[PDB]
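Comments concern the structure below.
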Ligand SMILES: CCN(C)C(=O)c1cccc(N)c1
Ligand SMILES: [Zn+2]
Ligand SMILES: [Zn+2]
Ligand SMILES: [Zn+2]
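In the authors' numbering, the protein residues as written are 24 to 95, 102 to 122, 151 to 370, 373 to 456, 463 to 524.
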């Protein structure tokens, strides 16, 4: 039970306005045949065009919402909309394109999908709210067959070319005209009452309905993301490495250790309240401070209300010492905080668009993150870059240009000249810091934080 059986029933009620007379009793096998595709009894890695909700979740990076609206059915122009915001008009002869024949539309579909997906996934999963026209339009741009590899590399083939009779992955498909072995899922099979807009609007106010196909495609994928990553959360699902995951996560751990260590040295807090992940370890194990942990899993719907996290009767006094909120997203941080908050607006291959302004951050695991909000940081200030170190000035064991920096807080810099070891460590730390910032993480601190207080920690 890993793939979706072609003999599973498909509820057809949502299809009967575009396809009147459609049988109520329908399997995926009969639906695929009706869509103009022939599976030929093939045991070659592609058992069904449609996939399970569990397979869709493992391949969330491949999700592309897709909707087709009858502009005027073999005789009428169709408006093809995608969750990329693209609308194409295909004539049978928010970007809006004029009507063109299928032979040129299919070229655009392949280019659009390849550019969107080459750095995200080895496939495409068309996410539908199936009414009929989208299913019957697939024969005009989709070819199916056995699982194949790219002509130019070892990746699985996602595109086909009728000009050269060859196959390509998303990276090598320039000039290709057919989508090859795509996957799809109909959200209407999950059990909903009412239309797409009424279900989407229950959870999201950011996607409006401009009455175009791409608006529906966007809403469909958003509703699917809400169902699979907001109301349902699965942290047992692992996702492959597609970018800087390892470096970003290592940088996050380095910056956390640096910032907390310096805050403890500068303001000598007697107690630290570490609010967040229940599997957390002390980021500064050698610190004197009374370290107290409070469990809160990453919120995936709305940011935690600080009143619920702290009140209703613990140290009780969160006002004592400092609070560390390392990726624990709250509505309004208290003034005595050290905060790392992911900015959902950041563009990257790890950060996918989400529900209600939120984003789906996929780095080893999938984390739906509530929308970034600047008002959460009103009691704090942005944490400035700095490098602090009390380690001995000693090289041990990469050429050198002397480092001059006001933010290298070391004994050598206090003494007037940065040593080679602390210059190498400063540059490595600055690289880790810039990686984490560009990855989308933002850092905030209590207003009284001042790196000038670190210089006297060397006596
Ligand atoms: C915004 C995602 N959250 C809540 C994290 O804690 C996280 C997840 C994966 C990687 C990293 N570095 C951080
Ligand atoms: Zn390739
Ligand atoms: Zn939405
Ligand atoms: Zn030094």
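Built from N, CA and C at the ideal position, the CB exists for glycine as well.
- Here residue 441 carries a strand assignment [DSSP, helix/strand/coil].
- Ranked by how close their Cα comes to the Cα of residue 524, the residues 515, 479 and 499 have 479 in first place.
- Secondary structure note for residue 349: it is in no alpha helix (DSSP H), and the uninterrupted beta strand (DSSP E) holding it is 347-352.
- For residue 272, the uninterrupted alpha helix (DSSP H) run begins and ends at 270-282, by DSSP.
- Contact check for residue 446 against residue 491 passes: the beta carbons are separated by less than 7 Å.
- One thing to note: residue 287 has its Cβ within 7 Å of the Cβ of residue 357.
- Relative to the non-hydrogen atoms of ligand 3, the Cβ of residue 216 never comes closer than 6 Å to any of them.
- Secondary structure note for residue 373: it is in no beta strand (DSSP E), with a DSSP letter that is neither H nor E.
- In this structure, the CA atom of residue 199 is about 59 Å from the CA atom of residue 471.
- Secondary structure in the segment 188-257: the alpha helix (DSSP H) runs of 4 residues or longer, each lying completely within the stretch, are 190-194 and 253-257 in chain order.
- In the three-state scheme derived from DSSP, where H, G and I count as helix and E and B as strand, residue 427 is classed as strand.
- Around the CB of residue 222, fewer than 16 other CB atoms lie within 10 Å, so the residue is classed as exposed.
- Chain-ordered, the residues whose CB falls short of 6 Å from any heavy atom of ligand 1 come out as 305, 306, 309, 355, 386, 401, 420, 422, 426 and 428.
- When C-beta atoms of the segment 107-120 are compared with those of the segment 316-325, fewer than three pairs fall below 8 Å, so the two segments do not count as touching.
- The nearest non-hydrogen atom of ligand 2 is less than 6 Å from the C-beta of residue 209.
- In this structure, 79 is the residue among 79, 272 and 188 with its C-alpha nearest to the C-alpha of residue 239.
- One thing to note: residue 300 has its Cβ within 7 Å of the Cβ of residue 408.
- Along the length of the segment 44-81, whole alpha helix (DSSP H) runs at least 4 residues long occupy 51-57 and 76-81, reported in chain order.
- A residue is called buried once 16 or more other Cβ atoms fall within 10 Å of its Cβ, and residue 454, having fewer, is exposed.
- Taking the Cα positions, residue 289 is about 11 Å away from residue 426.
- For the pair residue 387 and residue 337, the CB atoms are not nearer than the 7 Å cut-off.
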